[PDB]
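Engineer: The following block contains the structure, expressed as structure tokens.
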Amino acid sequence: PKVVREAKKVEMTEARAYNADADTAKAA
Amino acid sequence: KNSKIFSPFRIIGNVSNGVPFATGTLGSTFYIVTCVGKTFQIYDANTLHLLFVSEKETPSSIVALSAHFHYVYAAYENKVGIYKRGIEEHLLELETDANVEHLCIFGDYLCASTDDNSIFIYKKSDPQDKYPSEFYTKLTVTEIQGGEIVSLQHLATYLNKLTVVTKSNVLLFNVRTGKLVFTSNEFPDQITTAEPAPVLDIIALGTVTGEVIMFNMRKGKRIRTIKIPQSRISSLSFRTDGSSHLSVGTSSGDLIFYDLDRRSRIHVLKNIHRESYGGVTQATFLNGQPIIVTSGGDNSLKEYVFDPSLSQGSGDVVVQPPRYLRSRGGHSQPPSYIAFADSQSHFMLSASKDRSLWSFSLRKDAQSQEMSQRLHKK
Amino acid sequence: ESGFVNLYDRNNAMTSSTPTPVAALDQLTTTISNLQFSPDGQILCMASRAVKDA
Amino acid sequence: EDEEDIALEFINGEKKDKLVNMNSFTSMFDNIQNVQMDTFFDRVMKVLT
Amino acid sequence: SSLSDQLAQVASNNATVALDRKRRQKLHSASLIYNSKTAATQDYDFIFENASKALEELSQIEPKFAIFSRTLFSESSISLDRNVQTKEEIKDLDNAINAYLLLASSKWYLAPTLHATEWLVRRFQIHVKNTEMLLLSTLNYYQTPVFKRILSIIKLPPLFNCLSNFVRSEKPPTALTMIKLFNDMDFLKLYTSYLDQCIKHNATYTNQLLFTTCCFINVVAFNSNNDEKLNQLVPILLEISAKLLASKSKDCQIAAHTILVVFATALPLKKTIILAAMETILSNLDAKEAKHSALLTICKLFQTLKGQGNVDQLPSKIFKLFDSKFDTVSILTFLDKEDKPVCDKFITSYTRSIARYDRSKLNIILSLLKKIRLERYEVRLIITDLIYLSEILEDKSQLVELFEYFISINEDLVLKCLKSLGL
Amino acid sequence: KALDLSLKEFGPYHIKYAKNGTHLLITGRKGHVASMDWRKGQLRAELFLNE
Amino acid sequence: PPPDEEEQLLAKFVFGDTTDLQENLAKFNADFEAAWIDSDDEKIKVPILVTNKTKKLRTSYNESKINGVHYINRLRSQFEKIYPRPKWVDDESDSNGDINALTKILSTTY
């Protein structure tokens with residue numbers, strides 16, 4: 001037998017990311 | 001010319017009319033906004049079902065798309081339309097006669113780029129407002145600074161610094177100042193695309209020759225150079241999953257996955273989009289996931305996935321080749337003929353000048369299926 | 001007709017006078033009825049009249 | 001003589017060699033134990049030329 | 001992801017934890033020398049005393065193993081347990097065991113190595129926690145009871161399904177099956193990584209390199225038709241050859257030469273690639289036998305390639321390197337060798353390079369022409385460049401002697417050359 | 001040992017460990033009932049009940 | 001009073017302490033500046049305790065505002081915590097015939 005390249009499901013988990021709102025800020 | 005009997009509804013059999021798409025997130029449901037000519041659609045990304053579609057046609061074709069969390073910013077002939085759930089909810093006229101050609105948003109600052117190397121910066125009237133509507137300021141870049149505006153980016157960790165990439169070099173603009181705060185050296189080769197890497201202060205630039213310059217803004221220097229000849233780099237994306245792979249989409253309709261850690265080439269995909277329609281017009285890793293979504297100029301949108309390695313011990317060395325995953329597509333040419341396949345109005349056959357026969361769903365476009373041409377034996 | 005085609009090179013057959021074929025081709029099981037060379041002498045076609053597709 | 005004659009001289013010069021079928025090297029597995037790199041290289045070159 | 005899958009994952013994680021008596025007798029019965037019964041009955045002290053004796057013998061053979069006697073072969077090593085240590089200490093164990101397997105791949109014909117590795121199996125459960133390294137270590141002994149037993153006791157990572165079909169049989173695995181194994185493409189990347197490690201640690205030996213190179217040869221041989229497969233397979237074998245040449249051992253040099261020869265003759269490479277292969281070989285050529293093999297390899301590569309610009313002049317740096325590492329007398333006697341392997345395109349390009357660059361060893365050029373049986377268009381190219389050098393440089397007696405040699409051998413071609421360009 | 005099972009299909013799950021401290025038994029709200037050895041990951045029993 | 005050396009040895013034996021072996025394993029080895037600055041960006045100050053993201057970023061209970069430079073060093077630490085720093089940029093940069101020409105050509109060609 002040859003190596004089994006089994007496909008399976010992919011469940012995209014949560015992807016926490018960055019905030020451009022935090023990037024931009026008001027002056028003093 | 002408005003009718004009294006019929007009213008336009010939506011458009012089947014189109015997934016992307018060639019302009020770069022954009023990705024975004026609503027909590028967990030990842031979505032992909034893609035333009036179609038004079039209108040734009042919003043797909044889910046877990047199943048490539050349909051989620052929203054612009055109800056009101058734009059007077060002219062959409063030129064640039066972008067999307068923050070819940071709003072989609074389209075930019076056609078002269079204006080910027082802020083849309084919520086495919087419903088036009090705020091227009092924004094530009095005070096010029098040019099055309100807007102690039103768009104970026106970050107913080108409270110939307111920023112558009114019109115072909116006369118003119119930048120417009122718009123601010124929210126309130127920190128807690130949802131979309132920018134107040135016109136903050138206007139900037140311009142002349143030939144002494146840089147060439148034509150290739151793209152706009154906003155690097156992470158930069159107060160009011162907007163990075164602008166031109167055909168010759170890179171500029172940093174502080175908009176609350178309205179000033180140029182740092183200009184780059186000169187690149188011998190015309191720059192064709194840009195992308196903000198997940199690491200700090202690094203932007204990736206794809207030239208017209210096989211040059212990928214990974215350039216650092218602070219030290220103002222070319223950190224790395226990746227060489228591919230006879231190829232016109234057309235899209236970049238970075239793997240945020242936790243492995244340092246870069247995906248380069250080359251206009252000859254190929255995709256190249258490099259590993260930055262070993263200076264290596266994992267894999268190359270050939271002809272994932274028809275070259276004659278522009279090849280890869282955008283390729284993007286979905287954030288925090290091993291799924292690359294590629295849209296071409298041939299009315300095609302695909303998702304490929306990276307399996308985990310088979311090597312128990314090696315892994316990162318014996319990295320799997322991408323497996324094709326789910327996709328949607330339409331015709332290359334306009335359809336020649338159409339017909340309805342049933343009474344319940346679920347499927348429509350369309351045969352086009354591309355020498356192809358297709359059956360398109362009508363309810364949720366997950367079922368754009370081409371009817372094979374495989375002769376039965378006699 | 002017993003299906004061989006012996007291919008010799010002139011440059012050495014001429015001096016040998018009892019030549020050895022550079023090759024002894026046997027891919028046709030049946031009678032040999034048409035042997036033709038390409039105009040530049042890089043391809044050789046062997047055709048048999050008896051069986052279809054020969 | 002023409003470029004045609006030049007091409008003819010080229011093709012007439014080019015000579016045959018041994019090709020690489022899928023059943024040529026399946027013997028050094030039997031004959032691989034307790035030998036020396038040079039001898040193995042010579043055997044491969046022999047079976048290839 | 002079904003609950004059955006998730007539990008299969010957790011079972012994999014807890015493969016080596018003996019949660020009850022039956023599972024313990026399994027994990028302890030798996031062994032290399034003794035059968036199931038005696039394996040299940042005996043103890044860590046006995047196994048460890050045997051290991052101490054065996055490794056002492058091996059250290060006497062070569063001094064390297066003393067460090068393992070220090071770190072993996074102490075009474076503290078009797079004591080410790082894989083499962084109750086933290087992740088960092090697990091990685092440290094894994095690095096140490098990989099190093100030991102790299103050393104021990106060289107003496108798998110010694111009952112001392114058999115006994116010591118038996119300890120390592122029975123105490124640190126290598127035959128479950130890290131089997132890829134073990135299999136890669138002992139793969140070239142594939143005709144031996146030791147390897148048959150390793151298959152019998154091992155659990156097979158998904159790449160080795162061929163050996164899976166040969167577990168618990170009675171006949172050894174065959175060369176054809178090993179060729180299927182290598183013919184895989186992922187396994188090639190795995191084995192590439194393993195060879196890179198072996199080279200960087202300078203721990204390579206003949207039998208292993210023989211098996212490696214024979215398997216690579218047969219891989220390209222079986223793939224001698226599917227040209228897409230060959231094209232995507234080029235990067236792997238050619239990178240292996242690149243590093244194998246970067247090494248210093250003559251064995252590595254010869255193996256890389258062989259792989260390069262077969263690969264080029266089976267698939268027509270580009271001129272730039274063949275140039276770079278030449279450059280690297282010439283850069284690292286050191287000793288006599290490596291010199292011999294490298295010369296034959298270069299000859300064969302130039303007899304392969306064929307296209308517009310087939311026999312163009314060698315670039316300056318490559319030619320200088322070549323004449324630095326090789327002598328005119330050496331190449332001369334090489335031509336004089338009775339076999340006289342066909343150096344046609346190579347010799348022609350060499351001559352044109354010399355003509356453009358040196359313009360002194362014209363008499364060696366003459367000896368070359370007399371020694372080798374050239375062909376028509378190659379001679380014509382030589383004559384053309386010779387006319388050019390004659391019209392540029394001052395006339396030479398040896399030069400007109402070369403022309404006279406042509407007169408004796410096909411002056412008419414000289415006539416066509418000159419009438420096409422000149423008087 | 002610190003498991004983390006996600007069965008997002010059936011209802012919220014109700015957990016019970018055997019008094020011995022070895023086997024785990026989960027009961028979903030819709031039909032899923034499983035009894036698993038929980039350490040060597042042998043699924044002793046699985047029942048799909050719509051009730 | 002400190003233990004004697006032979007006492008340490010016997011203690012190791014009796015208790016089955018393996019920390020010596022752990023140390024040997026750990027020590028085991030295979031033996032065989034910016035370009036541009038912005039004054040107003042330096043001197044800008046923003047409030048702290050006004051939003052929950054800045055509240056989680058901060059480090060002092062009683063602070064309420066901080067200048068731009070500290071704000072960015074700390075926000076950068078945040079972003080680093082989001083995406084780990086990878087080695088390919090961290091510890092590497094480009095800035096007789098050779099040996100790796102073959103590898104270079106392999107890189108350059110398909």
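To be explicit about the labels: the chains of the structure tokens are called A, B, and onward in the order shown, and within each one the residues are counted from 1, while ligands get numbers from 1 in the order they are shown.
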Using only C-alpha atoms, find which residues of chain E lie within 7 Å of chain A and jot them down as an MDAnalysis selection string.
Structural biologist: chainID E and resid 158:159 161:162
Engineer: Output C-alpha atoms of each residue in that selection to a file, as a compact mmCIF listing (two decimals), in the first residue's frame.
Structural biologist:
# COMPACT_ATOMS: atom_id res chain seq x y z
CA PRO E 158 2.32 7.16 7.98
CA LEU E 159 5.22 7.39 5.52
CA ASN E 161 3.28 1.85 4.75
CA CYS E 162 5.37 -0.40 2.52
Engineer: Can you check which residues of chain C DSSP gives as strand (DSSP E or B) on the backbone and send them as a ChimeraX atom specification?
Structural biologist: /C:5-7,23-25,34-37,44-47
Engineer: Let's have the selection written as a tab-separated table (two decimals), in the first residue's frame, with N, CA, C and O atoms.
Structural biologist:
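Contents of part07.tsv, as written:
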chain	number	residue	atom	x	y	z
C	5	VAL	N	12.82	-4.91	-38.76
C	5	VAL	CA	13.44	-3.88	-39.57
C	5	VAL	C	14.85	-3.71	-39.03
C	5	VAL	O	15.03	-3.27	-37.89
C	6	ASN	N	15.83	-4.07	-39.82
C	6	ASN	CA	17.22	-3.91	-39.45
C	6	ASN	C	17.67	-2.55	-39.96
C	6	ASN	O	17.51	-2.25	-41.14
C	7	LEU	N	18.19	-1.73	-39.06
C	7	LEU	CA	18.62	-0.39	-39.40
C	7	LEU	C	20.13	-0.33	-39.29
C	7	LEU	O	20.68	-0.55	-38.20
C	23	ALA	N	20.50	-1.17	-35.21
C	23	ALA	CA	19.42	-1.68	-34.39
C	23	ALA	C	18.62	-2.71	-35.15
C	23	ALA	O	18.66	-2.78	-36.38
C	24	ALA	N	17.88	-3.53	-34.40
C	24	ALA	CA	17.02	-4.57	-34.94
C	24	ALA	C	15.63	-4.35	-34.36
C	24	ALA	O	15.25	-4.95	-33.35
C	25	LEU	N	14.86	-3.49	-35.01
C	25	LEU	CA	13.56	-3.09	-34.50
C	25	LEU	C	12.55	-4.19	-34.76
C	25	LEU	O	12.56	-4.84	-35.81
C	34	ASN	N	5.78	-0.56	-45.81
C	34	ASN	CA	6.12	0.82	-46.14
C	34	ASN	C	7.19	1.30	-45.18
C	34	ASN	O	6.94	1.38	-43.98
C	35	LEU	N	8.36	1.63	-45.69
C	35	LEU	CA	9.43	2.19	-44.88
C	35	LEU	C	9.82	3.53	-45.47
C	35	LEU	O	10.23	3.60	-46.63
C	36	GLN	N	9.70	4.59	-44.69
C	36	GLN	CA	10.00	5.90	-45.24
C	36	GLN	C	10.74	6.74	-44.22
C	36	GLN	O	10.41	6.74	-43.04
C	37	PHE	N	11.73	7.48	-44.69
C	37	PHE	CA	12.45	8.35	-43.79
C	37	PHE	C	11.91	9.77	-43.87
C	37	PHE	O	11.30	10.18	-44.85
C	44	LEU	N	11.72	7.68	-38.74
C	44	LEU	CA	11.53	6.59	-39.68
C	44	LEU	C	10.16	5.97	-39.44
C	44	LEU	O	9.86	5.56	-38.32
C	45	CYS	N	9.34	5.90	-40.48
C	45	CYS	CA	8.02	5.31	-40.33
C	45	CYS	C	8.01	3.91	-40.92
C	45	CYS	O	8.56	3.68	-42.01
C	46	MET	N	7.40	2.99	-40.18
C	46	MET	CA	7.23	1.59	-40.56
C	46	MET	C	5.74	1.31	-40.61
C	46	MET	O	5.04	1.50	-39.60
C	47	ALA	N	5.25	0.83	-41.73
C	47	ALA	CA	3.82	0.63	-41.90
C	47	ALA	C	3.54	-0.75	-42.46
C	47	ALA	O	4.22	-1.19	-43.39
Engineer: Given only C-alpha atoms, how would the per-residue table for segment 229-325 of chain B near segment 365-376 of chain B read, listing every residue at most 12 Å away with its closest atom pair and distance in Å to one decimal, sorted by chain and number, as a Markdown table?
Structural biologist:
| residue | atom | partner | partner_atom | distance |
| --- | --- | --- | --- | --- |
| B:299 | CA | B:368 | CA | 11.5 |
| B:300 | CA | B:368 | CA | 10.6 |
| B:301 | CA | B:368 | CA | 11.5 |
Engineer: What are the residues of chain E lining chain D at 8 Å or less? Count only C-alpha atoms, and put the answer as a compact mmCIF listing (two decimals) with N, CA and C atoms, in the first residue's frame.
Structural biologist:
# COMPACT_ATOMS: atom_id res chain seq x y z
N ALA E 175 14.26 -4.75 -2.51
CA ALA E 175 14.75 -3.53 -3.13
C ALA E 175 13.63 -2.78 -3.82
N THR E 206 30.38 4.71 4.26
CA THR E 206 30.23 4.17 2.92
C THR E 206 28.89 3.48 2.74
N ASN E 207 28.65 2.38 3.46
CA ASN E 207 27.45 1.58 3.20
C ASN E 207 26.20 2.45 3.16
N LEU E 210 26.25 4.49 -0.05
CA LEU E 210 25.95 3.59 -1.15
C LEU E 210 24.45 3.38 -1.27
N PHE E 211 23.81 3.04 -0.16
CA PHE E 211 22.38 2.79 -0.21
C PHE E 211 21.63 4.05 -0.60
N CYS E 214 22.22 4.68 -4.42
CA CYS E 214 21.54 3.71 -5.26
C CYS E 214 20.03 3.94 -5.25
N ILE E 217 19.32 6.93 -7.49
CA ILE E 217 19.42 6.54 -8.88
C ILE E 217 18.16 5.83 -9.32
N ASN E 218 17.72 4.84 -8.55
CA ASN E 218 16.54 4.10 -8.98
C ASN E 218 15.29 4.96 -8.92
N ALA E 221 15.33 6.66 -12.12
CA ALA E 221 15.08 5.67 -13.16
C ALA E 221 13.60 5.34 -13.27
N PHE E 222 12.94 5.02 -12.16
CA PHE E 222 11.51 4.77 -12.28
C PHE E 222 10.77 6.00 -12.75
N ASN E 223 11.21 7.18 -12.37
CA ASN E 223 10.52 8.37 -12.84
C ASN E 223 11.01 8.82 -14.20
N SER E 224 11.69 7.95 -14.92
CA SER E 224 12.22 8.34 -16.23
C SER E 224 11.18 8.64 -17.25
N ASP E 251 34.00 10.14 -0.37
CA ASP E 251 32.81 9.32 -0.58
C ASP E 251 31.63 10.19 -0.96
N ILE E 254 32.06 11.43 -4.58
CA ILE E 254 31.75 10.43 -5.59
C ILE E 254 30.25 10.21 -5.68
N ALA E 255 29.57 10.16 -4.54
CA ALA E 255 28.13 9.93 -4.57
C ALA E 255 27.41 11.07 -5.28
N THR E 258 27.84 10.73 -8.98
CA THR E 258 27.01 9.70 -9.59
C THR E 258 25.58 10.18 -9.76
N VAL E 262 23.62 10.61 -13.47
CA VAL E 262 22.39 9.92 -13.85
C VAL E 262 21.28 10.92 -14.07
N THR E 265 21.74 12.80 -17.42
CA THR E 265 21.52 11.97 -18.59
C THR E 265 20.07 11.54 -18.74
N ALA E 266 19.31 11.49 -17.65
CA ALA E 266 17.91 11.13 -17.74
C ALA E 266 17.00 12.30 -18.02
N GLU E 289 40.93 10.33 -6.54
CA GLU E 289 39.77 9.60 -7.03
C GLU E 289 38.60 10.53 -7.28
N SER E 293 36.58 10.94 -10.89
CA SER E 293 35.13 10.88 -11.02
C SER E 293 34.56 12.20 -11.52
N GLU E 375 34.00 15.77 -34.81
CA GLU E 375 32.97 15.64 -35.82
C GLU E 375 32.84 16.94 -36.59
N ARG E 376 31.96 16.92 -37.59
CA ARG E 376 32.01 17.92 -38.65
C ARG E 376 31.76 19.33 -38.13
N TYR E 377 30.57 19.58 -37.58
CA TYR E 377 30.25 20.95 -37.21
C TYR E 377 31.12 21.44 -36.07
Engineer: Return as a tab-separated table the residues of chain B lying at most 10 Å from chain E, together with the closest atom-to-atom pair for each and the distance in Å to one decimal, counting only C-alpha atoms, with rows in chain order and ascending residue number.
Structural biologist:
residue	atom	partner	partner_atom	distance
B:265	CA	E:235	CA	9.5
B:267	CA	E:232	CA	9.4
B:268	CA	E:232	CA	9.4
B:309	CA	E:186	CA	9.5
B:310	CA	E:158	CA	6.7
B:311	CA	E:157	CA	7.5
B:312	CA	E:157	CA	7.1
B:313	CA	E:132	CA	7.0
B:314	CA	E:190	CA	7.3
B:315	CA	E:190	CA	9.0
B:317	CA	E:193	CA	7.3
B:318	CA	E:189	CA	5.9
B:319	CA	E:186	CA	8.3
B:320	CA	E:186	CA	7.8
B:321	CA	E:186	CA	9.1
